[PDB]
Amino acid sequence: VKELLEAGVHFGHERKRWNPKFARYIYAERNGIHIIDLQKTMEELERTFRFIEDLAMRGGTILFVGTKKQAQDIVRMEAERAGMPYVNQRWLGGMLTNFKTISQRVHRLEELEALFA
RNA sequence: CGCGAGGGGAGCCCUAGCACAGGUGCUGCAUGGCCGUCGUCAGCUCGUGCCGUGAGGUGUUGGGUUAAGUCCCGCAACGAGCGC
Ligand SMILES: [Mg+2]
Ligand SMILES: [Mg+2]
Ligand SMILES: [Mg+2]
Ligand SMILES: [Mg+2]
Ligand SMILES: [Mg+2]
Ligand SMILES: [Mg+2]
Ligand SMILES: [Mg+2]
Ligand SMILES: [Mg+2]
Ligand SMILES: [Mg+2]
Ligand SMILES: [Mg+2]
Ligand SMILES: [Mg+2]
Ligand SMILES: [Mg+2]
Ligand SMILES: [Mg+2]
Ligand SMILES: [Mg+2]
Ligand SMILES: [Mg+2]
Ligand SMILES: [Mg+2]
Ligand SMILES: [Mg+2]
Ligand SMILES: [Mg+2]
Ligand SMILES: [Mg+2]
Ligand SMILES: [Mg+2]
Ligand SMILES: [Mg+2]
Ligand SMILES: [Mg+2]
Ligand SMILES: [Mg+2]
Ligand SMILES: [Mg+2]
Ligand SMILES: [Mg+2]
Ligand SMILES: [Mg+2]
Ligand SMILES: [Mg+2]
Ligand SMILES: [Mg+2]
């Protein structure tokens, strides 16, 4: 059921701003706009979710991100819809690499929670 | 130490020798301290992270505002320290 539903409203986008690398996943080009190979997506979808489901049962925590507005809140709801960590709230420098100093901002939010109740 | 003779010790004083004092003599280019100054100027940096072979850069820049690096929004940065 995954297939046609993608063709539902989830393929083809952009034009003349692509990247030759991505070209292998491309199918054609109508109206000047690029048409993505729907059938090939399906394959990558399988391999991906294999890892997704795997790391899920492994109990891993996935970090979701998308500051882009056209996916702003969609990242939000789906996040609590799994308890999985995430940030579409505009990314930051050292989110992961400087996770130490960043997490201190959290420990400060905890303290604010302390006076918030 | 004795009844007293007399002698002797502390102290202080002078005379004597020695140890040593004393110096507003030099060096602020050997120094502490304190003070003047740019300046009551908004400025000067640290930790971590990222960029760079490196000196270093980023933050501290940008837009708004203030007496002000004041605050705000923004931002590969997140905070913090001596400063207002
Ligand atoms: Mg803080
Ligand atoms: Mg006698
Ligand atoms: Mg006698
Ligand atoms: Mg006698
Ligand atoms: Mg006697
Ligand atoms: Mg007698
Ligand atoms: Mg007598
Ligand atoms: Mg006599
Ligand atoms: Mg006599
Ligand atoms: Mg005598
Ligand atoms: Mg005696
Ligand atoms: Mg005399
Ligand atoms: Mg004399
Ligand atoms: Mg002299
Ligand atoms: Mg001096
Ligand atoms: Mg002032
Ligand atoms: Mg530090
Ligand atoms: Mg450092
Ligand atoms: Mg350096
Ligand atoms: Mg900062
Ligand atoms: Mg500076
Ligand atoms: Mg600088
Ligand atoms: Mg900048
Ligand atoms: Mg600023
Ligand atoms: Mg300013
Ligand atoms: Mg930001
Ligand atoms: Mg900033
Ligand atoms: Mg301040």
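Structure determination for this PDB entry is given in the record as X-ray crystallography, at a resolution of 3.400 Å.

Caption draft 1: The arrangement of unusual backbone geometry in detail. With a phi angle near 60 degrees, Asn31 is a residue other than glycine that sits in the positive phi range. Along the polypeptide, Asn31 turns up in the loop between β1 (26-30) and β2 (33-36). Look at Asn31 and you get exposed, because its relative accessible area is 68%. Backbone geometry places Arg90, a non-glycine residue, at a positive phi of 65 degrees. Along the chain, the position of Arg90 falls in the loop between β4 (86-87) and α4 (99-115).

Caption draft 2: Fine view of the layout of surface pockets. Approximately 560 Å³ is the volume attributed to the largest pocket. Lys2, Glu3, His10, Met42, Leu45, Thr48, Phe49 and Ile52 are the residues that line the largest pocket. Here the lining of the largest pocket gets five residues from one element, more than from any other, and that element is helix α2 (residues 38-57). Taken as a whole, the second largest pocket holds about 430 Å³ of empty space. In terms of lining, the second largest pocket is formed by 16 residues, of which the most central are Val87, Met95, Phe99, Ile102 and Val106. Of all the secondary structure elements, the ones that give two or more residues to the lining of the second largest pocket are β4 and α4.

Caption draft 3: Fine view of a nonpolar patch on the surface. Taken together, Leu63, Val65, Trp91 and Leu96 make up a surface patch of nonpolar side chains, about 450 Å² in accessible area. Relative to the helices and strands, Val65 is located in strand β3 (residues 64-65).

Caption draft 4: Structural view of the pattern of salt bridges. In total, this model carries nine salt bridges according to the counting rule given. With a closest N to O distance of 3.4 Å, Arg76 and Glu80 form a salt bridge. Of the two residues, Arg76 and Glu80 both sit in helix α3 (residues 72-80), four residues apart, roughly one turn of that helix. The exposure class assigned to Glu80 is partly exposed, which follows from its relative accessible area of 47%.

Caption draft 5: Focus on the protein's contact with RNA strand B. Neighbouring residues of RNA strand B: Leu92, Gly93, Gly94, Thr97, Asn98, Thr101 and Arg105. When atoms of RNA strand B within 4 Å of the protein are split into backbone and base, the sugar-phosphate part holds 59%. In this structure, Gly93 approaches RNA strand B through a main-chain N or O atom, which is 3.2 Å from a sugar or linking oxygen. Side-chain polar atom of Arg105 to a sugar or linking oxygen of RNA strand B: 3.3 Å apart, as the coordinates give it.

Thresholds, definitions, all that
Residues numbered from 1 in each chain as written, not as in the entry; some residues may be left out. Chains lettered and ligands numbered in written order. Part of a larger assembly, values for the part shown. Heavy atoms only, no water. Helix = DSSP H or I, 4+ residues; strand = E, 2+ residues; numbered from the N terminus. Buried < 20%, exposed > 50% of the residue type's maximum accessible area, 1.4 Å probe, protein only. 1 Å grid on protein atoms, 1.4 Å probe; cavity = no way out; pocket = protein on both sides within 12 Å on 5 of 7 lines; lining within 4 Å. Points joined across faces, edges and corners; volume = space filled by probe spheres on them. Patch = residues over 30% accessible without salt bridge, like charges linked within 9 Å, V, L, I, M, F, W, Y side chains within 5 Å. Areas by Shrake-Rupley, 256 points an atom, 1.4 Å probe, with all protein chains shown as cover. Salt bridge = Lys/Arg side-chain N within 4 Å of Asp/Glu carboxyl O. Near = heavy atom within 4 Å. Polar contact = N/O pair within 3.5 Å; in protein donor to acceptor, adjacent residues only side chain to side chain.

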